[PDB]
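Asks:
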Amino acid sequence: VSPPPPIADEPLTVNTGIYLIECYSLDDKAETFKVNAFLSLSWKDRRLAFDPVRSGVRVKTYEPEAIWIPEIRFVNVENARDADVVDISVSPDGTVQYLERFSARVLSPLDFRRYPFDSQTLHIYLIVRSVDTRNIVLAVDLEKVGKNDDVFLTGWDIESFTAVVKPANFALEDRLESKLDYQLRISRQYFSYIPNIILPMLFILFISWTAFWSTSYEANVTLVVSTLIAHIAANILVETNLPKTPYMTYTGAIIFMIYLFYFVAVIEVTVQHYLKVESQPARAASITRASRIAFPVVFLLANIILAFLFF
Amino acid sequence: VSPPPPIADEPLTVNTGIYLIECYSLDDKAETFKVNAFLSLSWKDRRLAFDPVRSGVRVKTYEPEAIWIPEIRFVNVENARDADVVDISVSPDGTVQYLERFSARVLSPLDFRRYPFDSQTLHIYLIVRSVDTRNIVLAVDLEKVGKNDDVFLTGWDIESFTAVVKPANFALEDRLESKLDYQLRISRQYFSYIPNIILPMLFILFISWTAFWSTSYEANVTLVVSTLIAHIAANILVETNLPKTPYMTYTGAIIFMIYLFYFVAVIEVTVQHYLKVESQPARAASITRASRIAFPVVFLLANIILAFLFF
Amino acid sequence: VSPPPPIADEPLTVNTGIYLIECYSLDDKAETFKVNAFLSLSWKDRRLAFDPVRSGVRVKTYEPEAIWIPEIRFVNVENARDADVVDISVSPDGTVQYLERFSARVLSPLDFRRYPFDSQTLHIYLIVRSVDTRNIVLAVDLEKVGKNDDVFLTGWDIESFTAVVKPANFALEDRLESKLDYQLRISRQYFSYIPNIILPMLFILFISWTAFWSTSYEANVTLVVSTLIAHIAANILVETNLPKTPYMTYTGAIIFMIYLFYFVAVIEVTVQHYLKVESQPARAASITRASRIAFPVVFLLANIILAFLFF
Amino acid sequence: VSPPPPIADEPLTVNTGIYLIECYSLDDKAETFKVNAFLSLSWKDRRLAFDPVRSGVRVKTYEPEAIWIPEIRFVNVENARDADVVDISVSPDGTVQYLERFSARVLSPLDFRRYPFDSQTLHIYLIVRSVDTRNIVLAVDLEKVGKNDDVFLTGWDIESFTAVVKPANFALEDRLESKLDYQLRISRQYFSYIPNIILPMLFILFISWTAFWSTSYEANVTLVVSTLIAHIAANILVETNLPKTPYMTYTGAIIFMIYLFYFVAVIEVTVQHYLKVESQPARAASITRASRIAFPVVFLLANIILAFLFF
Amino acid sequence: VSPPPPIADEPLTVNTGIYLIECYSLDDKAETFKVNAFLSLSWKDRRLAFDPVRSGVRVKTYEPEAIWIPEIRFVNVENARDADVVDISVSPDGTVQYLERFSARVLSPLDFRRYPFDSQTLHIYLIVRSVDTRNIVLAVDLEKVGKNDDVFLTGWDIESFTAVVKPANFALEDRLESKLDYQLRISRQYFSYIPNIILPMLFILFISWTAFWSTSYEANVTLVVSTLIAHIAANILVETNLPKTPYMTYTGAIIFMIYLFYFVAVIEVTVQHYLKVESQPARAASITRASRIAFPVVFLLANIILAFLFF
Ligand SMILES: [Cl-]
Ligand SMILES: [Cl-]
Ligand SMILES: [Cl-]
Ligand SMILES: [Cl-]
Ligand SMILES: [Cl-]
Ligand SMILES: [Cl-]
Ligand SMILES: [Cl-]
Ligand code: NA
Ligand code: NA
Ligand code: NA
Ligand code: NA
Ligand code: NA
Ligand code: NA
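Protein chains in written order, with UniProt numbering: chain G, 47 to 357; chain S, 47 to 357; chain Z, 47 to 357; chain A, 47 to 357; chain C, 47 to 357.
#1: Over the uninterrupted beta strand (DSSP E) stretch that includes G/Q318, give me the two end residues.
#2: Could you please give me the residues that DSSP links to A/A185 through a beta bridge?
#3: What are the residues that DSSP puts in a beta bridge with A/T107?
#4: Mind pulling the chain G residues with CB within less than 9 Å of S/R175?
#5: Report whether the distance from the Cβ of G/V123 to the nearest heavy atom of ligand 1 is below 7 Å.
#6: Does the beta carbon of A/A126 fall short of 7 Å from some heavy atom of ligand 4?
#7: Please determine whether the Cβ atom of G/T268 lies at a distance below 7 Å from any heavy atom of ligand 10.
#8: Give the C-beta separation of S/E146 and S/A126 to the nearest angstrom, bearing in mind that I take them to be a contact with Cβ-Cβ under 8 Å.
#9: Would the beta-carbon of S/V47 be found less than 7 Å away from any heavy atom of ligand 9?
#10: Taking the DSSP output, what are the residues bridged to C/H169?
#11: Using a C-beta cutoff of 8 Å, does S/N242 count as contacting chain G?
#12: Can you check whether the C-beta of residue 44 of chain C is within less than 8 Å of a C-beta belonging to chain A?
#13: Output the residues surrounding ligand 7, defined as those with a CB atom closer than 5 Å to any ligand heavy atom, in chain order.
#14: In chain A, which residues lie less than 9 Å from Z/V105 when you measure between Cβ atoms?
#15: For ligand 8, any of its heavy atoms closer than 7 Å to the Cβ of G/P110?
#16: For chain C, find out if any of its Cβ atoms is closer than 8 Å to the Cβ of G/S224; answer yes or no.
#17: For A/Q166, which residues in chain C fall below 9 Å Cβ to Cβ?
#18: Please tell me whether, using a cut-off of 7 Å, the distance from the CB of Z/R119 to the nearest non-hydrogen atom of ligand 3 is below it.
#19: What residues from chain A crowd round C/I115, counting only those whose CB sits closer than 8 Å?
#20: Measure the Cβ-Cβ separation of G/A265 and S/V267 and say whether it is below 8 Å.
#21: Is residue 372 of chain A close to chain Z, meaning its C-beta is less than 8 Å from at least one C-beta of that chain?
#22: May I ask you to check if the CB of S/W89 is nearer than 7 Å to at least one heavy atom of ligand 11?
#23: Which term fits Z/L306, buried or exposed, when burial requires 16 or more other beta carbons within 10 angstroms of its beta carbon?
#24: For S/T334, return the contacting residues in chain G, with the cut-off set at a CB-CB distance below 9 Å.
#25: Rounded to whole angstroms, what's the CA-CA distance from A/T334 to A/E314? Just pull it up for me.
#26: Roughly how many whole angstroms lie between the Cα atoms of S/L251 and C/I243?
#27: At a CB distance below 8 Å, what residues from the region 62-83 of chain S approach chain Z? Give them in sequence order.
#28: Tell me which residues of the region 182-208 of chain Z have at least one Cβ-Cβ distance to chain A shorter than 7 Å, keeping chain order.
#29: Could one say the Cβ of A/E109 lies closer than 8 Å to chain Z's Cβ atoms, at least one of them?
Put into structure tokens, the structure is as follows:
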């Protein structure tokens with residue numbers, strides 16, 4: 047089989063569409079997501095023209111091996127898509143209507159800067175390479191782009207699924223390539239992070255600040271060191287759900303900052319004990335009373351500054 | 047091969063049945079389950095009819111490639127089902143009886159609101175897309191819907207496996223689609239959660255309340271902070287077995303509430319120590335004695351309120 | 047190809063055998079095991095009979111596609127077995143000898159009631175469905191049932207591999223089905239559980255009982271709360287190696303009971319401190335001295351009761 | 047195609063060779079390793095003999111389907127090997143030279159008795175089953191047994207890759223079977239275990255012995271119980287990298303023994319406190335001073351005994 | 047099909063190129079990475095030569111089965127590459143242009159000596175085995191070596207993708223083999239290691255040094271033992287992200303050294319308490335005051351020495 051011949055000199059236009067059936071396994075660490083969808087393709091092949099009078103039928107049904115089919119691939123997939131042809135319908139003028147159902151693991155980078163209050167634009171890049179006989183170009187049939195109402199991505203809200211209608215046509219290894227960008231816009235469901243990580247992390251921090259109403263050094267050491275260890279556990283828990291980034295994330299910034307608060311609280315508890323032992327408790331009392339106001343105030347202002355820098 | 051032609055203008059009715067052989071791997075985080083079952087299909091193909099008295103044969107056995115077979119798919123599967131055709135039988139009037147054994151990973155959302163005392167309705171959606179020649183509609187043969195007695199889903203009780211007999215007929219990408227909903231009703235075996243998570247979590251909380259019968263600040267700090275850390279470990283353990291939800295689960299609510307009890311217990315232990323240091327122990331004694339009643343009473347009433355809101 | 051015709055009205059007997067080559071990956075949580083074995087099949091096909099003299103051959107070899115082969119399946123497998131035909135030999139009377147080597151992941155429920163001192167009976171269920179032409183029944187050729195001497199299942203002792211010679215014949219989707227039960231009897235190697243979990247768990251418990259020879263409340267709180275946390279770690283470790291069961295396991299029972307001992311030890315440590323503060327140490331001394339005997343005695347008797355109920 | 051006929055009554059000798067290209071994923075828990083290698087086969091087929099003078103060709107190249115090829119399998123593999131035929135060459139006398147590149151997951155038991163100072167002999171068992179026409183026997187062509195210089199198994203040193211030249215010929219399911227044993231000798235790189243597990247474990251143990259230079263019961267309880275918990279963490283870490291064995295490993299023995307040292311240290315700390323409270327500190331001083339020598343001395347001698355029993 | 051015949055006695059030159067489309071899953075423990083790329087091949091086959099005037103075409107498009115294609119393999123892959131042929135084009139003089147898109151998991155050793163400030167050279171080794179008929183040699187077409195601008199390897203910076211133009215020609219099982227080395231140079235994004243592991247590890251160490259401003263033995267024991275346990279947690283966390291190496295890594299060296307600092311801090315805290323109890327506090331004061339300077343100074347100098355030895 048060979049490509050359809052041009053009537054004049056034009057490129058062959060392959061109309062495309064993606065209809066999402068299932069979205070699952072958005073893996074933050076791997077920066078992948080799995081998709082189950084319909085891929086629709088349409089092109090004119092006049093060599094397949096027929097008379098409904100002679101053949102009896104108004105539409106011809108073909109097997110993929112029987113006719114020429116454009117070699118359409120995905121750019122950002124781990125392995126080639128698992129595809130099953132649903133239908134190949136040829137109309138009397140030779141217009142082919144191809145429909146396949148596929149499943150694929152898509153690699154799409156994620157911006158974790160505002161995590162867990164982040165939004166993402168996932169991409170599915172469709173591509174075709176031109177052949178010697180003819181140049182092939184891709185187009186979007188907007189009537190065949192969409193998603194099932196039941197499409198749910200656990201832990202995310204699906205906003206939209208649209209296609210950039212203009213393909214990116216470029217030269218690659220001395221041949222033309224036609225690339226389409228299908229965009230799935232999603233926003234993270236931050237809800238569960240509040241009772242599971244944010245509030246527990248704030249509770250243990252506020253518990254360490256009870257040391258500013260205690261003169262007992264041994265109890266103070268226990269309060270600040272124990273809550274610090276619990277903070278380390280939350281830091282480790284959070285970093286297991288995330289990849290290593292060459293930038294600070296919002297959560298990462300807060301988690302890092304809270305270490306500084308634990309470090310300065312240990313200094314305060316040490317300074318307080320040292321002065322008490324040196325028979326200077328009046329002074330220790332001034333530092334401890336100031337700390338009761340300074341620690342929550344600096345914590346609030348530092349969080350306002352961080353929220354401002356990130357949002 | 048082409049679809050069987052209509053005698054009048056009627057859609058082709060494909061009778062379906064699913065008989066469960068195995069149920070395994072209900073993954074709560076992934077919201078998937080694996081299934082091994084029989085899929086039965088039945089439709090009339092008049093082009094295949096034969097005489098019973100002339101032929102001598104009551105039934106004719108065909109290979110899948112020899113005859114037309116409807117393209118039946120599952121909506122909510124990760125990848126296409128792994129299927130092996132078992133038998134194809136044709137009756138004299140041309141009634142085809144198709145049987146395949148398949149295995150599939152099914153995506154079906156779970157409602158964790160009442161976890162671990164939750165019940166679920168798992169779905170297996172059967173679908174067929176109509177052809178240009180004619181419309182294909184699905185039906186349920188209740189005689190061919192069921193499950194093996196030995197079907198066990200580890201950690202769950204299987205209640206029923208039924209089908210919604212009326213299909214959901216709708217247009218998708220300019221062709222009719224006929225969808226059937228097979229429902230597997232299950233209820234979680236909550237038993238093991240009681241000795242492994244619920245009672246250990248209650249024991250450590252009650253151990254923190256022994257601080258209300260102690261005047262030793264240093265021992266009190268050790269009691270409340272150590273048990274809090276053990277509570278954090280249980281919180282982390284529980285959240286590893288569950289996906290992130292945009293709602294509170296019953297267990298999540300109790301786990302979150304128990305933090306408030308630890309936080310107020312730390313305030314009480316701090317207030318008690320502060321007053322004793324300020325030579326006001328009579329008062330500290332009033333707060334500590336009130337706490338002995340208030341903490342278990344507010345804990346009981348808050349749990350009655352939560353159980354009422356969730357069940 | 048069609049099934050061999052009956053001389054009278056008899057069912058077709060397919061003689062079976064399973065010879066285990068490899069046993070691996072017994073997954074307790076998943077209740078699965080992987081198997082690599084020979085599957086042997088034997089039946090009479092009159093249509094393939096020959097005379098040895100005029101043929102010059104005592105045996106005839108065929109390709110699977112050339113002749114009729116019974117559709118033998120496994121009931122309790124995740125996916126269909128990976129099989130490769132080794133040999134197909136036909137004797138003069140048309141007796142077919144089929145041999146395949148296969149690998150499969152088998153689902154077989156496990157009884158964890160006596161864990162880690164438990165024994166199991168793993169099952170491999172062989173099945174065949176009848177055809178309209180004739181009833182197909184399974185039999186066991188005991189001469190072709192066995193296992194390689196080197197077959198080892200890591201963490202288990204293999205006792206026997208036998209077959210229940212009488213098949214379970216029953217109707218399924220209006221056709222008769224013939225099922226054979228191959229049983230692999232195994233017993234768990236409990237050895238490693240003694241130095242890794244049982245003795246460490248006993249050591250930390252006995253360490254908490256040193257609080258009955260101490261009047262220091264602060265030290266006592268540290269002894270009982272620290273060892274309790276280590277007990278929680280062992281509880282979590284044990285429950286990660288096991289599925290959730292709607293019953294108590296032997297280890298689960300002991301682990302749960304040990305919490306009660308920690309809870310009562312905290313009450314004792316609290317009561318002791320309370321009385322000392324109330325200037326009643328003579329009394330506290332009576333409770334502490336009684337506890338030194340009561341705790342190990344009640345622990346021994348409770349363990350004798352538990353061992354009796356479970357074994 | 048059928049096997050080459052015997053000139054007299056001799057068995058068909060299939061000469062074999064395995065050339066390792068890659069070794070990876072030695073999984074201690076699973077007792078598996080992955081291999082990527084060349085498999086070379088050689089046998090005489092007189093039916094393929096030709097004249098080199100008149101043919102003008104020294105060698106003929108065939109496709110696997112064109113000629114008879116012996117069914118060679120691996121005994122100890124999870125699934126059948128993934129193989130790609132590289133070349134088939136026939137010499138004028140009819141000697142066939144077969145070469146394939148394969149990849150396989152091999153099951154090979156490991157002896158953990160001396161872990162992490164252990165050495166292993168990994169096995170790759172080659173097998174052939176005799177056909178009805180004639181008996182097939184395996185041989186080793188030492189000229190075609192080897193490994194690439196770059197073959198590296200992460201965490202191990204590769205010593206040798208040799209074959210036991212005499213096959214194990216035996217009857218299995220009324221046929222002959224010819225088995226070859228390919229041995230890959232490896233020794234574990236114990237280096238990293240010293241700074242990561244052994245020395246940290248010794249440091250925390252020696253830290254618990256500082257309690258023999260302290261009269262503070264509260265500090266002593268904290269020293270011995272905290273380091274014990276850290277020892278439990280190392281015990282858990284070590285047992286996650288290993289399967290459960292029906293014998294003691296060297297590391298397992300040391301880890302278990304160190305619990306006894308923690309248990310006796312708690313007794314000593316308890317006895318010391320008890321005597322001080324009973325106004326017998328002179329005596330407590332004698333036990334504590336003896337403990338300073340006894341604990342390191344008994345620890346050294348017990349380790350010499352253990353090293354002797356294991357090496 | 048057979049290889050192109052030599053005009054004189056020359057080896058057949060196969061020109062190669064690799065164009066990277068995707069780079070993902072660099073697994074440090076496994077020492078693997080996944081790649082999705084174009085593989086281009088070019089060679090002269092005179093038997094395929096044609097006259098452009100006579101044929102009426104300037105290029106000829108074949109199917110892989112229709113013509114001879116060199117058996118090109120990757121040396122350092124887990125399994126054979128997943129490949130799909132994109133195009134085969136023949137010029138009038140018989141110059142074949144082959145293009146395939148492939149995906150593979152590549153084995154490539156990593157040097158962890160400078161981790162997490164390390165750089166790596168990943169290798170993709172292309173290989174061809176000669177045939178009896180002629181010798182096959184590989185070459186690099188630099189015009190067909192490259193990478194897509196969007197190629198990103200999570201946690202790494204991609205520096206260059208080049209090929210060593212001179213192949214490594216050698217004998218393997220009496221046949222010539224021609225090997226090409228494609229090199230992907232990468233450098234680790236160490237950024238996230240600073241707020242997540244390095245600074246938290248320094249903070250807990252500096253917190254242990256507050257014991258040099260405290261005379262409270264019980265508080266000191268709590269400070270040094272608690273922070274040591276947190277250091278053990280970081281040691282375990284770090285070693286889970288890395289394979290076991292027969293050498294010290296930079297991070298491993300620092301982590302190991304920090305144990306020595308904890309060990310000597312415990313000795314100091316013990317010596318200080320012992321002297322106080324022995325009524326020698328003036329002396330204890332001299333050791334504690336010296337420790338305040340000695341510990342940070344020796345820590346800084348030891349780190350300068352380590353950084354010098356490693357970089
Ligand atoms: Cl693709
Ligand atoms: Cl499907
Ligand atoms: Cl099967
Ligand atoms: Cl094999
Ligand atoms: Cl390859
Ligand atoms: Cl050489
Ligand atoms: Cl050569
Ligand atoms: Na085609
Ligand atoms: Na068909
Ligand atoms: Na303490
Ligand atoms: Na057949
Ligand atoms: Na063959
Ligand atoms: Na070819």
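The C-beta atom is built at its ideal place from N, Cα and C for all residues, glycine as well.
Replies: The structure says:
#1: Locating residue 318 of chain G in the first sequence gives position 272, where the first residue counts as 1. Premise fails: G/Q318 lies in the alpha helix (DSSP H), 296-323, not in any beta strand (DSSP E).
#2: Sequence index remark: in the fourth sequence, residue 185 of chain A carries index 139 (1-based). Answer by DSSP bridge pairing, in chain order: A/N61.
#3: Position 61 of the fourth sequence, counted from the start, is the residue given in the question as residue 107 of chain A. A/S135.
#4: Taking the second sequence and counting its residues from 1, one reaches residue 175 of chain S at position 129. Here the neighbours are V132, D133, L145.
#5: Counting from one through the first sequence, the residue named residue 123 of chain G turns up at place 77. The answer is yes for G/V123.
#6: Reading the fourth sequence from its first residue, position 80 is the one you call residue 126 of chain A. Checking every heavy atom of ligand 4 against the Cβ of A/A126, one is found closer than 7 Å.
#7: In the first sequence, the residue the question calls residue 268 of chain G occupies position 222. Yes; taking the cut-off as 7 Å, the Cβ of G/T268 has a heavy atom of ligand 10 nearer than that.
#8: For the purposes of this step, residue 146 of chain S is taken as the residue at position 100 of the second sequence. For the purposes of this step, residue 126 of chain S is taken as the residue at position 80 of the second sequence. So it is not a contact: roughly 13 Å between Cβ atoms.
#9: In the second sequence, counting from the first residue as 1, residue 47 of chain S sits at position 1. Answer for S/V47: yes, Cβ within range of ligand 9.
#10: Taking the fifth sequence and counting its residues from 1, the one referred to as residue 169 of chain C is at position 123. Paired residues: C/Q229.
#11: Sequence index remark: in the second sequence, residue 242 of chain S carries index 196 (1-based). Not closer than 8 Å to any Cβ of chain G, the Cβ of S/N242 fails to qualify, so no.
#12: Outside the modelled stretch of chain C, which goes from 47 to 357, sits residue 44 of chain C, for which no answer is possible.
#13: C/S176, C/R221, C/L222
#14: Counted from its first residue, the third sequence places residue 105 of chain Z at position 59. Those within 9 Å of Z/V105 in chain A are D178, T179.
#15: Locating residue 110 of chain G in the first sequence gives position 64, counting from the first residue. Flag set: Cβ of G/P110 near ligand 8.
#16: On the first sequence, position 178 is the one that residue 224 of chain G refers to. So no, G/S224 is outside the interface.
#17: For the purposes of this step, residue 166 of chain A is taken as the residue at position 120 of the fourth sequence. Going along chain C, no residue has its Cβ under 9 Å from A/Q166, so there is no contact; the nearest lies around 15 Å.
#18: Walking along the third sequence from the start, residue 119 of chain Z turns up at place 73. Within the cutoff, so yes.
#19: Within the fifth sequence, the letter at position 69 stands for residue 115 of chain C. Correct list: empty, because the minimum Cβ distance to chain A is about 14 Å.
#20: One-based indexing of the first sequence puts residue 265 of chain G at position 219. One-based indexing of the second sequence puts residue 267 of chain S at position 221. The answer is yes: Cβ separation under 8 Å.
#21: Nothing can be reported for residue 372 of chain A: it is not among the residues displayed for chain A, which extend from 47 to 357.
#22: Locating residue 89 of chain S in the second sequence gives position 43, where the first residue counts as 1. No, since every heavy atom of ligand 11 falls outside the 7 Å radius drawn around the Cβ of S/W89.
#23: As a working mapping, residue 306 of chain Z is identified with position 260 in the third sequence. Exposed: under 16 other Cβ atoms inside 10 Å.
#24: Start at 1 with the first residue of the second sequence, and residue 334 of chain S comes out as number 288. None at all; the shortest Cβ gap to chain G is about 16 Å.
#25: In the fourth sequence, residue 334 of chain A corresponds to position 288, counting from 1. In the fourth sequence, residue 314 of chain A corresponds to position 268, counting from 1. Rounded to the nearest angstrom, the two C-alpha atoms are 7 Å apart.
#26: Stepping through the second sequence from its first residue, residue 251 of chain S is reached at position 205. Stepping through the fifth sequence from its first residue, residue 243 of chain C is reached at position 197. Whole-angstrom Cα-Cα distance: 32 Å.
#27: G63, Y65, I67, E68, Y70, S71, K80, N82
#28: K190, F198, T200, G201
#29: Within the fourth sequence, residue 109 of chain A is the residue found at index 63, counting from 1. Output row for A/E109: interface = no.
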